[PDB]
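Comments concern the structure below.
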Amino acid sequence: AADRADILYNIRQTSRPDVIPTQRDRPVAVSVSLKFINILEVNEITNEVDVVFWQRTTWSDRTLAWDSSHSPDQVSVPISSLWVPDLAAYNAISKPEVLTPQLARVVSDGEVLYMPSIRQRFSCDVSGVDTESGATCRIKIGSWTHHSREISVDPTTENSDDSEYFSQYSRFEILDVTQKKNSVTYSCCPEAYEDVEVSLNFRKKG
Amino acid sequence: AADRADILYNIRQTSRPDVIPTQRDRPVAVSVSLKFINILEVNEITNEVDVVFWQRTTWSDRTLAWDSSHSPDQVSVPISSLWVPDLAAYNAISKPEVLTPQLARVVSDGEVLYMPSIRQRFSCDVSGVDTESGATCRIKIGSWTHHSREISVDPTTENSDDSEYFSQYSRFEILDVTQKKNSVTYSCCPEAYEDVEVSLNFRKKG
Amino acid sequence: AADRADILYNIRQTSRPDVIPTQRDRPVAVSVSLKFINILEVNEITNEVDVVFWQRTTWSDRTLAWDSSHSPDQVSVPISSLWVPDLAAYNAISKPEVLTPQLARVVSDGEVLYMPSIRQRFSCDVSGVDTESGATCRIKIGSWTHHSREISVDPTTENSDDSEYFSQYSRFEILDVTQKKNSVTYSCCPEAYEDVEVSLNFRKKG
Amino acid sequence: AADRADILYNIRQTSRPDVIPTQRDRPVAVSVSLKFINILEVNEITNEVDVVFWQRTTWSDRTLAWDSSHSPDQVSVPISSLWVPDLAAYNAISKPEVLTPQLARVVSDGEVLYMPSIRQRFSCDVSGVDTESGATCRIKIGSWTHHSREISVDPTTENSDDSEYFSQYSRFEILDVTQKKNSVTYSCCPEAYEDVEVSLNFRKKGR
Amino acid sequence: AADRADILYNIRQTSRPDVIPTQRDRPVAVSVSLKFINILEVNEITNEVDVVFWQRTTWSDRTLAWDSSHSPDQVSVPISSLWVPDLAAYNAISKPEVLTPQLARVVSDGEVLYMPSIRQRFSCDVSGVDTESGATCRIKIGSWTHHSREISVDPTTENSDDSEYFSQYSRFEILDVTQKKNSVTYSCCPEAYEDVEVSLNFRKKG
Ligand SMILES: N=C1NCCN1Cc1ccc(Cl)nc1
Ligand SMILES: N=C1NCCN1Cc1ccc(Cl)nc1
Ligand SMILES: N=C1NCCN1Cc1ccc(Cl)nc1
Ligand SMILES: N=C1NCCN1Cc1ccc(Cl)nc1
Ligand SMILES: N=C1NCCN1Cc1ccc(Cl)nc1
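Protein chains in written order, with the authors' numbering: chain B, 0 to 205; chain A, 0 to 205; chain E, 0 to 205; chain C, 0 to 206; chain D, 0 to 205.
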């Protein structure tokens with residue numbers, strides 16, 4: 000019957016932040032889905048935008064699992080104590096600005112959830128943001144160094160209200176958001192890398 | 000018959016900065032109260048504002064208690080040596096800029112007070128800022144990863160003037176500040192999360 | 000017979016950065032003095048100014064003391080290895096940008112001197128900066144978490160022109176500088192906190 | 000039998016981040032090539048540009064090798080656990096802003112690949128950015144403190160599409176990219192320092 | 000029988016980053032000379048300029064020496080493993096932005112060379128920048144906490160074209176560069192602190 004202190008202590012002794020938790024020779028299945036919170040500074044002339052979004056990220060890591068028969072079955076853990084997938088947005092033109100406490104939730108079964116609220120600038124198509132149809136800014140996110148056999152990424156099944164969390168005070172409104180998985184091979188490299196492309200159709204209010 | 004050195008040393012020997020100090024299976028009660036110091040940048044067109052405030056924060060941690068019968072009963076402690084609630088402002092569009100030494104005040108019975116002065120940018124209703132009625136900007140703050148059964152937040156009904164510490168050189172002025180407590184279940188997640196909503200009614204001086 | 004290496008090693012092992020060096024039941028006496036170096040960007044519309052100054056800060060930590068009858072008398076020491084008063088500028092609207100190496104000077108008797116050059120933005124009265132009488136910007140600095148019985152702050156003065164180190168290439172000039180001492184009691188807390196208030200009377204150069 | 004945990008621990012135990020892995024008495028051969036992702040800011044008046052690019056960097060460190068017969072032959076390693084060349088862009092006017100996770104790939108034979116995506120501002124020729132032949136911005140990269148007898152740098156034959164990774168949404172477009180090596184002796188210092196000069200020929204597009 | 004790993008190993012044992020390496024009771028002789036790379040943001044209205052420059056800095060530290068009879072006689076070392084003089088630019092209005100890897104070069108005889116390329120903004124005389132005689136910007140650099148008896152700073156009057164490294168794409172050009180050594184006694188303190196003043200004569204092109 001251990002408490003949270005013991006659950007945290009066993010996580011640091013067994014957890015290897017630098018070691019991807021693959022099972023045998025299977026890829027670590029990572030789920031990525033964005034929940035837009037705000038659109039702050041659009042520029043149609045430069046095709047750049049400033050977005051704020053929650054980056055819901057989940058994966059399994061057995062090396063963390065613990066017996067919660069008679070103890071807390073879930074805890075908040077600092078990401079520096081866990082292996083976290085090395086995701087990056089291909090068309091982001093600034094480092095992600097993590098606005099929230101960098102803590103993830105870890106379940107006794109090893110399921111991990113990490114959902115930081117991020118503000119980041121992207122290079123995308125802003126043409127038409129000032130029309131009825133609007134603009135569609137696509138954002139691609141995938142593992143930076145782990146190819147398809149080590150990390151697989153797919154859009155979460157969840158499909159909440161596109162703007163269920165979006166700021167009603169933004170100068171913009173979300174028309175629609177679609178997610179689409181991809182598996183690409185680049186000439187630079189022999190292996191294929193997976194990514195999830197999120198298409199944000201939005202327009203200036205009026 | 001200890002001194003401040005021993006008090007600090009002991010705290011390092013029992014404090015678990017990454018372990019939420021829950022008593023029994025009950026939530027840690029955190030009190031949040033904002034004292035506005037300044038309103039630096041307001042943009043009605045973008046509905047964005049820059050505010051400086053003291054975030055009076057209190058909670059209890061019995062793992063820090065000590066016998067002060069023959070020693071001081073209070074000491075300043077760097078927050079990095081203590082567990083601190085993972086609070087985040089939901090509508091913040093910038094990371095908080097802590098303008099003061101990051102030290103908390105710990106009392107012998109375990110009571111902790113951390114009151115950092117913060118400059119942060121928010122996304123809120125700025126409409127009417129130039130009218131006599133002014134604008135009403137709501138700031139939502141709560142635990143980012145600890146649900147209602149782990150952390151509960153409540154407003155500090157402290158009796159004092161809202162503009163008691165507000166700068167007299169700001170281009171704006173405070174008309175009224177109210178603080179209400181909320182509890183919300185989001186579609187993203189199973190448990191409920193609490194937050195304190197602080198409503199700042201202010202306007203440009205005449 | 001000891002060298003600097005011995006002295007600096009001893010200082011690191013005995014000095015406790017998180018323990019205020021109070022002696023007996025009396026407060027640590029801290030002296031503070033500002034020597035203005037520049038005025039970079041003033042804004043009368045927003046009552047905001049950007050200043051560069053040397054903050055001469057001194058205090059005692061007798062535990063650091065050592066017999067220098069047969070070894071160095073003084074040594075430069077990184078402030079992170081020393082306890083330093085948690086001073087804060089109450090009306091500052093940006094964090095201090097320390098321009099100089101963060102080293103303090105420790106004399107064998109335990110006297111500590113720290114004089115960083117700092118650029119910082121403040122919210123103060125800028126009205127009249129374009130007039131012959133100029134504006135008077137007041138800066139308030141004092142311990143953030145240590146009350147009057149743990150830390151004391153007092154203004155230091157030098158028999159030297161207020162503009163002796165001021166930039167001749169600045170668009171502004173110094174008319175006068177005065178420093179008063181205060182002991183304010185805030186409704187937030189029971190004890191009183193001291194502060195040094197420095198008044199800067201400056202104006203745009205003809 | 001070895002797993003990733005064994006390898007990463009061994010790498011971190013044998014790798015010397017502050018010791019250039021020169022073999023015998025030859026210099027470490029570092030390969031550098033840039034893959035342009037975007038051109039964000041251009042000022043023909045000041046001759047300053049803001050670019051985003053993948054700085055592909057490869058070199059060998061034999062001590063990192065391990066028998067991959069019964070184990071993985073490739074792993075991602077944080078660069079803080081490895082010695083990496085102290086490359087610097089001579090004409091850069093801002094610290095490089097690394098946009099991606101700072102991880103390198105280490106192969107069982109000791110081959111290392113580090114390819115960060117970087118946004119950085121440079122001082123180069125921007126004249127003609129609105130012409131048909133565009134401007135040609137030269138970026139010079141080489142080791143900051145290791146001379147030619149310690150580190151050598153060569154351009155990788157990027158015989159691929161120059162705009163393969165370039166953003167289709169940039170206000171600019173790439174016409175051509177060439178790379179050439181140089182070995183320079185400055186009057187400041189007795190030894191020669193090698194570098195790779197990347198020539199970016201680009202221009203503003205038309206409506 | 001020794002290699003680079005051995006050399007670095009010995010250095011990170013005998014070397015004390017916090018201890019100035021004085022010989023006997025004499026001061027550490029430090030050579031400082033700036034190689035201008037670019038002039039970027041000139042403002043004649045505010046007497047401010049953004050300059051990029053290699054800050055060649057040399058000095059000796061015998062505690063680093065080693066027998067190079069059968070081993071390399073030079074190695075690149077992170078400055079965090081070495082004592083480095085605490086130089087500061089008096090009229091700089093921003094912290095130094097070090098653009099290059101922070102490595103110093105150490106020779107077997109204990110000679111050290113540290114030459115980072117720095118971008119920094121200064122407050123200096125910009126008047127005349129648009130004339131033929133041009134503006135003359137004076138930059139002052141010296142130890143911050145080490146007085147004449149601990150550190151002396153002298154310029155390296157080497158015949159190196161003032162524009163060898165200067166960017167041919169700058170909007171400005173270097174007419175001439177001169178150096179001058181000084182020794183000052185600031186009202187704040189008894190000792191005298193040496194500095195080198197580098198006068199930069201430049202002008203707009205054409
Ligand atoms: N994520 C991708 N897809 C193609 C290239 N790349 C980036 C990448 C791959 C491997 C290393 Cl060590 N560094 C960066
Ligand atoms: N504080 C809240 N309320 C709804 C979502 N959320 C943020 C959150 C919750 C759990 C984790 Cl691991 N990360 C971020
Ligand atoms: N010194 C000041 N200024 C405003 C309030 N206060 C006192 C204070 C007391 C305790 C803690 Cl943790 N922080 C600040
Ligand atoms: N890469 C080059 N070429 C000439 C000068 N230089 C930079 C350099 C060389 C040595 C040290 Cl310790 N610091 C900086
Ligand atoms: N070099 C300078 N410039 C202004 C004052 N000073 C000398 C000095 C002496 C002691 C300490 Cl702790 N700091 C600085």
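Heads up, the beta-carbon is just placed ideally off N, CA and C, and yes, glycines get one too.
{"Check": "How long is the line joining the alpha carbons of A/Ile-38 and E/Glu-47, rounded to whole angstroms?", "Outcome": "12 Å"}
{"Check": "Please work out which residues of its chain come closer than 8 Å, Cβ to Cβ, to A/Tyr-89, disregarding the five sequence neighbours upstream and downstream, and give them in chain order.", "Outcome": "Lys-139, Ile-140, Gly-141, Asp-194"}
{"Check": "Under the three-state reduction of DSSP, which class applies to residue 208 of chain E: helix, strand or coil?", "Outcome": "In the structure displayed, chain E extends from 0 to 205; residue 208 of chain E sits before or after that span and is not available."}
{"Check": "In this structure, does DSSP put residue 206 of chain B in helix, strand or coil?", "Outcome": "This structure gives no information on residue 206 of chain B, because the portion of chain B shown stretches from 0 to 205."}
{"Check": "Taking 7 Å as the cut-off, does the CB of B/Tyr-164 come closer than this to any heavy atom belonging to ligand 1?", "Outcome": "no"}
{"Check": "May I ask you to list the residues that DSSP assigns as paired with D/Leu-112?", "Outcome": "D/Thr-57, D/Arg-104"}
{"Check": "Name the DSSP bridge partner or partners of B/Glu-196?", "Outcome": "B/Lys-139, B/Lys-179"}
{"Check": "Thinking C-beta only, is B/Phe-52 closer than 8 Å to B/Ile-117?", "Outcome": "yes"}
{"Check": "Put E/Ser-80 into one of helix, strand or coil per three-state DSSP.", "Outcome": "helix"}
{"Check": "Report the option in E/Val-183, E/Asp-160, E/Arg-137 whose CA atom is closest to the CA atom of E/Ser-198.", "Outcome": "E/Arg-137"}
{"Check": "Please compile the residues from chain D whose C-beta is within a distance smaller than 7 Å of the C-beta of C/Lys-94.", "Outcome": "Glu-96, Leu-98"}
{"Check": "Give the DSSP-derived three-state secondary structure of C/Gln-119 in the structure shown.", "Outcome": "strand"}
{"Check": "By DSSP's criteria, A/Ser-32 is part of a beta bridge. Which residues make up the other side?", "Outcome": "A/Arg-55"}
{"Check": "Cα separation between B/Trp-82 and B/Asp-72?", "Outcome": "19 Å"}
{"Check": "Quick one: give me the first and last residue of the alpha helix (DSSP H) that B/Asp-5 is part of.", "Outcome": "3 to 13"}
{"Check": "If I measure Cβ to Cβ from C/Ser-169 and keep anything under 8 Å in the same chain, skipping five residues before and after, which residues do I get?", "Outcome": "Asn-37, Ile-38, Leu-39"}
{"Check": "Where the beta carbon is closer than 6 Å to any heavy atom of ligand 4, which residues qualify, in chain order?", "Outcome": "C/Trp-143, C/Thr-144, C/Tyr-185, C/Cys-187, C/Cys-188, C/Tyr-192, D/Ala-103, D/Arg-104, D/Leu-112, D/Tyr-113, D/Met-114"}
{"Check": "Within 8 Å (strictly less), CB to CB, does D/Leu-7 reach chain C?", "Outcome": "yes"}
{"Check": "Specify the secondary structure class of B/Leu-174 as computed by DSSP and reduced to three states.", "Outcome": "strand"}
{"Check": "State yes or no: is the C-beta of D/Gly-141 nearer than 7 Å to some heavy atom of ligand 5?", "Outcome": "yes"}
{"Check": "Buried or exposed: where does E/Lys-34 fall if 16 or more other Cβ atoms within 10 Å of its Cβ makes it buried?", "Outcome": "buried"}
{"Check": "Flag this pair as yes or no: are the beta carbons of A/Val-128 and A/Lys-203 separated by less than 8 Å?", "Outcome": "yes"}
{"Check": "How about the segment 172 to 187 of chain C and the segment 56 to 74 of chain C: do they share at least three Cβ pairs that are nearer than 8 Å?", "Outcome": "no"}
{"Check": "Please classify B/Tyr-192: is it buried, with 16 or more other beta-carbons within 10 angstroms of its beta-carbon, or exposed?", "Outcome": "buried"}
{"Check": "Relative to the alpha-carbon of B/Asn-9, which residue among B/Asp-66, B/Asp-24, B/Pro-84 has its alpha-carbon at the smallest distance?", "Outcome": "B/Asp-66"}
{"Check": "I want to check one thing, is the minimum distance from the CB of E/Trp-53 to the heavy atoms of ligand 5 below 7 Å?", "Outcome": "yes"}
{"Check": "Just grab the DSSP bridge partners of C/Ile-150 for me.", "Outcome": "C/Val-27"}
{"Check": "Between the Cα of A/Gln-178 and those of A/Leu-7, A/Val-105, A/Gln-54, spot the shortest distance and give me the residue it belongs to.", "Outcome": "A/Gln-54"}
{"Check": "Are the beta-carbon atoms belonging to B/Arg-104 and A/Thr-144 less than 8 Å from one another?", "Outcome": "yes"}
{"Check": "Under a CB-based cut-off of 8 Å, is E/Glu-157 close to chain D?", "Outcome": "yes"}
{"Check": "If you measure between the beta carbons of B/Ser-151 and B/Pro-26, is that distance less than 8 Å?", "Outcome": "yes"}
{"Check": "Please work out which residues of its chain come closer than 7 Å, Cβ to Cβ, to E/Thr-130, disregarding the five sequence neighbours upstream and downstream, and give them in chain order.", "Outcome": "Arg-202"}
{"Check": "Using a Cβ-Cβ distance cut-off of 8 Å, determine whether A/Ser-80 contacts chain B.", "Outcome": "no"}
{"Check": "Note down, in chain order, all residues in the segment 143 to 155 of chain B with a beta-carbon under 7 Å from any beta-carbon belonging to chain C.", "Outcome": "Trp-143, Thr-144, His-145"}
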